[PDB]
Structure formats: structure tokens, C-alpha cells
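Heavy atoms only: backbone and side chains are in, while hydrogens, waters and symmetry mates are out. Numbers here simply count residues along the sequence, with the first being 1.
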Amino acid sequence: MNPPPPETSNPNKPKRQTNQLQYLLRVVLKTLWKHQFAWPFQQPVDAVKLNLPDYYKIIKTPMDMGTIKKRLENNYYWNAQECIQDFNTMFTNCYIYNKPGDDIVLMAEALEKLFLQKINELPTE
Ligand SMILES: Cc1cc(-c2nc3ccccc3n2C[C@@H]2CCCN(C(=O)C3CCN(C(C)C)CC3)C2)cn(C)c1=O
């Protein structure tokens with residue numbers, strides 16, 4: 001079976017808008033979301049549909065851009081570094097689970113290069 005997806009809203013976790021979090025939604029997520037190579041990252045890994053019974057045996061902190069998009073839109077975060085952490089967890093999980101030579105690793109590497117370019121211009125608080 002699949003685990004429940006990561007939460008994108010929590011009534012007990014303080015949240016706010018920062019111009020940095022607005023930049024992460026309007027520029028960073030926006031740019032990555034409709035990249036040609038975005039689609040494997042737009043939702044949680046469905047280990048049932050893909051027949052990957054070991055995925056959630058290996059990956060215990062799953063993350064995906066669908067979850068991050070909802071967290072940004074739902075105002076889940078307190079600061080930009082929490083969101084940048086989620087992006088990096090998504091990339092790290094991909095590189096840990098998958099093998100060099102896998103199409104998904106090339107796809108992640110293209111998205112990560114673009115991610116790092118956009119994060120490099122995170123605005124002043
Ligand atoms: C393992 C995995 C799968 C997916 C995924 N989300 C999908 C949504 C819709 C339809 C298909 C989807 N897939 C399948 C991948 C899509 C890109 C290309 N893929 C590969 O390169 C294989 C190569 C072989 N490897 C090995 C480790 C079994 C597994 C990956 C196959 C996403 N993420 C983040 C993953 O880490």
C-alpha cells in the first residue's frame with residue numbers, strides 16, 4: 001500500500017507570508033512546474049501503480065512538487081528555508097532511490113540546475 005501523502009496544512013503549525021515564500025511560489029515553483037521534465041515530480045510516488053514495493057521501505061521522508069505547490073499555496077511554511085529543504089528532499093530521494101543512467105535522474109538533474117539558478121536570486125526579506 002501507499003503511505004498517506006505529506007500534510008499541506010496544519011492548524012497547530014504557525015504559518016505566514018514572506019516576500020521570499022511569494023517568490024518561491026510565483027517564480028521558482030512556477031518555472032519548474034511546467035518544465036518538460038516536471039511530471040514525475042508533480043505528485044507523490046504511487047508505489048502501487050508503479051509496482052515499487054521497496055520505495056517507501058527506502059524513502060521515509062518522501063516529497064514531491066505537488067506537495068510543495070500545495071504547501072506554498074496553502075501558506076504552510078514559516079520561512080523560505082523550510083520550502084528549499086522540501087525541494088532538496090525531493091531531489092535527494094530521487095538520487096538515493098534511482099540509479100545513474102535512469103531517465104528520472106537526468107530529469108531531476110535538469111530541474112535541480114534550474115532550481116539552484118532561481119534560488120540564487122531569492123530576494124531580501
Ligand atoms: C521511482 C520514481 C518514479 C516516478 C514516477 N512518477 C510517475 C508518474 C506517472 C507515470 C510514471 C511515473 N514514474 C516512473 C518514472 C518516470 C520517469 C522515468 N523513470 C525512470 O527513470 C525509472 C528507471 C528505473 N528506476 C529503477 C530504480 C526501478 C525507476 C525510475 C520512471 C517518480 N519518482 C520521483 C521516482 O523516484
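Residues satisfying the side chain to side chain contact (heavy atoms under 4.5 Å, CB included) test with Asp64, not counting sequence neighbours, are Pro44, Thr67. For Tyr23, there are no side chain to side chain donor-acceptor pair (under 3.5 Å) partners two or more places apart in sequence or in a different chain. Residues passing the side chain to side chain contact (heavy atoms under 4.5 Å, CB included) test with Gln81, sequence neighbours excluded: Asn79, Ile84, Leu122. For the salt bridge (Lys or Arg N to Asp or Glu O under 4.0 Å) test, residues two or more places apart in sequence or in another chain that qualify with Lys13 are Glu82. With sequence neighbours excluded, the residues satisfying side chain to side chain contact (heavy atoms under 4.5 Å, CB included) with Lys70 are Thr8, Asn74. With sequence neighbours excluded, no residue forms a side chain to side chain donor-acceptor pair (under 3.5 Å) with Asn88. Annotation: side chain to side chain donor-acceptor pair (under 3.5 Å) contacts of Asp46 (sequence neighbours excluded): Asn2. The side chain to side chain contact (heavy atoms under 4.5 Å, CB included) check on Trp33 picks up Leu29, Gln42, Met65, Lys69, with sequence neighbours excluded.
Tracing side-chain contacts under 4.5 Å through hydrophobic residues (I, L, V, M, F, W, Y), one never reaches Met1 starting from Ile58; they form parts of separate clusters. In the hydrophobic clustering of ILVMFWY residues, with side-chain heavy atoms under 4.5 Å counting as a link, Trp39 and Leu106 come out apart. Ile68 and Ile59 are not part of a single hydrophobic cluster, where members link through side-chain heavy atoms under 4.5 Å apart. Residues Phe41 and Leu52 are members of separate hydrophobic clusters, defined by side-chain heavy-atom contacts under 4.5 angstrom among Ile, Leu, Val, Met, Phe, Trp and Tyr.
Applying the salt bridge (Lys or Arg N to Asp or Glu O under 4.0 Å) rule to pairs touching residues 105-125 yields nothing, sequence neighbours excluded. Among residue pairs with one or both ends in residues 79-125, those qualifying as ring pair (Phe, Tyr, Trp, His ring centres under 6.0 Å) are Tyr55-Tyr97, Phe87-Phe115, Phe91-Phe115; sequence neighbours excluded.
Nearest approach of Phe37 to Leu111, heavy atoms of both residues: O-CD1, 3.4 Å. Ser9 approaches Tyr76 most closely through the heavy-atom pair N-CD1, 3.7 Å. For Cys83 against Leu21, the heavy-atom pair with the smallest separation is CB-CD2, 4.2 Å. When all heavy atoms are compared, the tightest approach of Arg71 to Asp86 is NH1-OD2, 2.8 Å. Among all heavy-atom pairs drawn from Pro40 and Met107, the shortest one is CG-CE, 3.4 Å.
A side-chain donor-acceptor contact under 3.5 Å links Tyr56 to the backbone of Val45. Proximity of a side-chain donor or acceptor of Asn93 to a complementary backbone N or O of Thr89 within less than 3.5 Å is detected.
Through side-chain heavy atoms spaced under 4.5 Å, either directly or across other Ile, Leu, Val, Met, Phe, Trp or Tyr residues, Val48 is tied to no other residue. Grouped with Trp78 in a hydrophobic cluster is no other residue, since no side-chain heavy-atom contact under 4.5 Å to another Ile, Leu, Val, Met, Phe, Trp or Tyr is found.
Between the NZ atom of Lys99 and the CD1 atom of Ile104 there is a distance of 13.0 Å, given to the nearest 0.5 Å.
The closest side-chain heavy-atom distance from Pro53 to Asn51 is below 4.5 Å. No side-chain heavy atom of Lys30 sits less than 4.5 Å from a side-chain heavy atom of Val27.
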